[PDB]
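Note sheet for the following structure.
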Amino acid sequence: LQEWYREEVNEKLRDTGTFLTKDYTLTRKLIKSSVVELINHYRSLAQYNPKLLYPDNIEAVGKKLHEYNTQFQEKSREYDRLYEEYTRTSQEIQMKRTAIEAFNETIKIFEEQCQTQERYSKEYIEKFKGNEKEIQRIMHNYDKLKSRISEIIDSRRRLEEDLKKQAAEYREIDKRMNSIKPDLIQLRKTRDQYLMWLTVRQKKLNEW
Amino acid sequence: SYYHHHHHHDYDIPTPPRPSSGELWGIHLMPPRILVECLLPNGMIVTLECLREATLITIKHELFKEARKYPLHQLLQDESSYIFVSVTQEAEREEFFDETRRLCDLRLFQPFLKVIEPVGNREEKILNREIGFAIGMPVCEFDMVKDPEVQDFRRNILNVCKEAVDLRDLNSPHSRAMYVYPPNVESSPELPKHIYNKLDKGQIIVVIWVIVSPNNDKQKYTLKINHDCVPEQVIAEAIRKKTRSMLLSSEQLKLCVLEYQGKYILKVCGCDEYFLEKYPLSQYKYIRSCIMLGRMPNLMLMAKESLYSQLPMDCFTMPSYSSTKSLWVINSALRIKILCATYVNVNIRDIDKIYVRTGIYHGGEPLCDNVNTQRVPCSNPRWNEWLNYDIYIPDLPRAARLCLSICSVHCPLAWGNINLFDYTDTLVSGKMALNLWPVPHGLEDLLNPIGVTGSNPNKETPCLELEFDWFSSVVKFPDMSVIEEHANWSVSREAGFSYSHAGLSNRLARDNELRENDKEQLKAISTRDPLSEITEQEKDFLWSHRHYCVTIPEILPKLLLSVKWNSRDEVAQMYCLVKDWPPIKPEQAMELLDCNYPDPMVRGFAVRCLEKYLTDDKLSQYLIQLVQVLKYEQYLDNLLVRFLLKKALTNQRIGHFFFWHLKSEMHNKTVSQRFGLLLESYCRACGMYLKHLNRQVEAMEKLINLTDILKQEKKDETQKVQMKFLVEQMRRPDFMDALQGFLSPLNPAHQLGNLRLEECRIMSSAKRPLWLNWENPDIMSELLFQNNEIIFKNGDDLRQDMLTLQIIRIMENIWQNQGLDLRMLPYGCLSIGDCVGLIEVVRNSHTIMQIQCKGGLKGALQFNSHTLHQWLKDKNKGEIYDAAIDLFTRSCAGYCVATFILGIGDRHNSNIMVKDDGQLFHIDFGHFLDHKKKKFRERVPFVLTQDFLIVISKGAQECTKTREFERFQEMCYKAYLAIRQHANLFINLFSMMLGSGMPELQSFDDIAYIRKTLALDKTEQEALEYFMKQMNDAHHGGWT
Ligand SMILES: O=c1[nH]cc(F)c(=O)[nH]1
């Protein structure tokens, strides 16, 4: 009677109806005369209690344990590396978005300043008429003010494009995570089954 | 030949998260002189050239002498009618009221200033900036939040903040000093037996100190009083001995004592700890250390009015923000319309087809989990189905929530969870816009309920919008009253059931007389740990005998996981047992604030436990776990928050760590809002400590920016060059301001005075951690430590250390207060940022490697096993020597057990350290519950080399066989078991930490390692032998 017959019970229940002090226990959607008698029968557990579908080389099955483990742990680094990029990008992105809001608010203060001077200066343009001496130098100041706001909107634009280029690269990172993920699970699932076929030799396995 | 001439064609030799931008946008450290456009009321743009570190006083006072050479001068008031303002990097227009501030310290976005006169004439109130700084997001960012809950939190939480400031000025100023300087005291007055016997039948020798004039000289009145006498008594005996005389009768003394006695309080020399209430001196921690360390206390008589001098009045101000229809009426099953995700980033090449898995949950789930068909797969994915959930709508528990996830063909893409009732008790009905969260590293599992409830605030993410069945009216949850009736009805209804029943497991049939085998299968379950999953039989067993289970309060944690929350019948009765269940010990109650106990009645109860039992000492022990448990609370405003907030406002030493633990996680947008709001509230009410926290914050920020430059620009330079740069920068005044007058956040009792830059330096590690060294500016520096030094480390995630060093601290107090003395040195460590923290330096200790580099002789042949012993002998000589080994033997023994139980990363010559006095202790623990086995054990990470074995048995040969080692080997057994009896706590502590994104704690099976290594499934005699066996096989001989 030795296919279905706590911690590594749950590790073989992971991701799959499934089933498997001093007697026996039946576990996924725990349950406490004979053993093989009762499981073949239930293979709907409603009618017992109100609220069971899924049950040669030696040394080169263990080199395949080394090989699928070099694949897996290279493949895991691929995942582990990209997750960081994914987050850094996310982060960097948002800092930009804030900067844009800050740029924006910088501009609004300056646009108001180019407005602010005309009220107070074009009272002094008409009162007295200071002559071409006074107003050539109130003209100089205003010349800068605008050519500065040029520079700011240049600077903000130049950022907004980069947001997109980052944002573009952001999407591309998740794209490739989501293709790498599913293969990573099978590479992992088979490397558990490959080591299950080997196991006693517990202590020979760590090098592969 | 080597490689079979295989070319790797691809490979080309050409080819710490970050980055927190610093003083100006896009640059870390602003150029030493810089140009800044000052904008005036008259629309004129000067462009002052300014030194990096110049104040706004300096800039204004000059700007109003360089604007005189520009037009329209008489359109500007006297400067004093004006104040600067500009855009910050957080992006707010911040009016600059503190003109003592410096230009580097402003966190400008672009280099410019604008003049105005102050609107919002309550100037005082626009020091929300202080709170905004402390928190690192502005308070106005909360004023703009629409959501009622958030605003309803802000206003209603002030209930708590008020009641807290009430309790402070109750019996003032004493009560104020009490808040500020709470007594640091062990929770038990009983003095452990090995501590006692260092006393000659209950006596310490102490040393009171005094000052008369000017402040200059001091004087040592060395008493010898009873361990279990109080500060008052001790203050007297000191004053007796100061003022005995030949010009004074006995009775004349008695009067001159009384009048002097209570004008003084006991300080500790060197740090701002004070002994301010009725406690046996033993019980105050400082004393109990001094006993253990072979030290004579150095206290101090400080004049109550020279202390009440210092405490400022907190000055708490209120801010500017000053028919239903029962769920049980609703007759239908639950259904939910899905509709369409939009932003779904997947390859149409690699991946086949995609769907939206959904479920209803309560921690673990109350129906069959369902999906939709795999529609418009990959390109433009849109469903428009109605998922039908086979739970009736009256059968929803209060806590329940929909969990969902978009999956592929098959593994998950994105997830998001929603509370089925809002915070006002109201079933969710209408249309929702839910933005998803990415899947974590370790999470393969398809759906993710342990994750945070609510939408992602990141806009550019999978926005899966959906619809909720709407019943013509606002569908609320029943009152308590309404739930009591249905419980009593379901009780009376149960009494007249009939003899037999198809599944009479749920019901009794034994009635008021239960069998004696049964009453002791319950207490047999009662004892078992949290992680031992329970069989349905046993649940139904418990659930039937539920009313006897009130005999055994401690059983509750199990009992609750027995109830089916999909049967409101059952649930309603549970609400009434729990209503008035016997209160339990806090160690068992905290289990009931983990993810598996999401109900609010349950969680209320669990607070009622803490309110009653949990002490300001034992709270401060477990604060980390309680702050992490906030993340499993459904709504902002709740009982646990109101508790912790209040304790924090009652006790300024908790307050302190409560800030930093929240402030620590402010980068992590799963809690940025929640914790923000909470910190705001704390910051508004804690009064003057805010100003102390604002200096600590200010300091940590300067350090962050510093290391950031070092780790990016100044790598690929010699240490030598980096070290020039470091000192050159610490020289500057904005730094000297920022880094000198403040409190250590590792422990705010210690002050940090001027920085000696002699002893400040960049360690050799590649992360570039800083070794900083401050003057202790206490009056009695001498009697504690003239120089205080701690390590700042930008780059590493501290919080796995932070936990293990906590866990160790607990194992020590477990062991030691059970009488059995293994001295662990859980050095101080504090996470304050993304990968930013602080580590207490332990002076006069070395890594075993350093020991061997010292004792290594001349020409590099081979290092000796004895070197350690020989270096340790050179330190400790005499009766001293024997005692230095006892210490070593005792610490080695604890650190053997602790290391093994936790499975912390393998120990070797570079991460085990030894002190001059001969205590051994581990640093730099790595990943804890065996995180490196995800790559392909039940490990021994402390494998005792020859080196230790020799030193253990005073230098013998073939050391494994001495008596010296039989002692040691016994300590290990006595220590292994002592923990095992408290293994529930250790489960619950790890269990509460799953809320953090620590990759070593992803879900309960991670924690399950600790079961096998404590061997809880066995009986104790088996464990001992399993432990012996596991210890024998790493060492290769010794353990029978
Ligand atoms: O039992 C208690 N009630 C109230 C308190 F403030 C406290 O510390 N302990």
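Lettering and numbering for the structure tokens are positional, with chains as A, B, ... in the shown order, residues counted from 1 in each chain, and ligands counted from 1 in the shown order.
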task: Using only C-alpha atoms, find which residues of chain B lie within 7 Å of chain A and jot them down as a ChimeraX atom specification.
output: /B:17,42-45,71,87,89-91,345-347,350-351,410-411,413,445,503,534-536,1005,1008
message: ligand 1: which residues are within 8 Å, counting only C-alpha atoms and all ligand atoms? Reply as number ranges by chain.
response: B: 611-616
task: Write out as a list in words all residues of segment 692-809 of chain B that DSSP puts in strand (DSSP E or B) for this structure's backbone.
output: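 Listing strand (DSSP E or B) positions across segment 692-809 of chain B yields residues 742, 743, 751, 752, 755, 761, 762, 770, 771, 772, 773, 774, 775, 787, 788, 789, 790, 791, 792, 793 and 794 of chain B.
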task: Write out as JSON, numbers by chain which residues come within 12 Å of residue 862 of chain B when counting only C-alpha atoms, dropping same-chain ones fewer than 5 positions away.
output: {"B": [852, 853, 855, 856, 857, 867]}
message: With only C-alpha atoms as the counted atoms, please give the residues lying no more than 10 Å from residue 796 of chain B, apart from itself and same-chain residues fewer than 4 positions off, as a PyMOL selection string.
response: chain B and resi 16-17+767+769+831+834-837
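Comparing A:1, A:37, A:96, A:188 by their smallest distance to residue 166 of chain A, the closest is A:96 (using only C-alpha atoms).
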field: For residue 55 of chain A: contacts at 9 Å, only C-alpha atoms, fewer than 5 positions along chain excluded, given as a PyMOL selection string
entry: chain A and resi 3-5+18-20
Please produce a file of those selected residues containing N, CA and C atoms, as a tab-separated table (two decimals), in the first residue's frame.
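Produced file out34.tsv, reproduced below:
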chain	number	residue	atom	x	y	z
A	3	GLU	N	-0.57	6.28	-4.71
A	3	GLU	CA	0.42	7.35	-4.85
A	3	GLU	C	0.32	8.35	-3.69
A	4	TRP	N	-0.91	8.74	-3.34
A	4	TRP	CA	-1.17	9.65	-2.20
A	4	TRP	C	-0.65	9.16	-0.84
A	5	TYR	N	-0.50	7.84	-0.69
A	5	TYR	CA	0.32	7.27	0.38
A	5	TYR	C	1.18	6.14	-0.21
A	18	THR	N	-7.51	18.56	-4.32
A	18	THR	CA	-6.30	17.80	-3.94
A	18	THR	C	-6.29	17.23	-2.49
A	19	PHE	N	-5.65	16.07	-2.33
A	19	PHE	CA	-5.66	15.29	-1.08
A	19	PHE	C	-4.39	14.44	-0.90
A	20	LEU	N	-4.07	14.09	0.35
A	20	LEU	CA	-3.02	13.11	0.66
A	20	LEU	C	-2.91	12.83	2.17
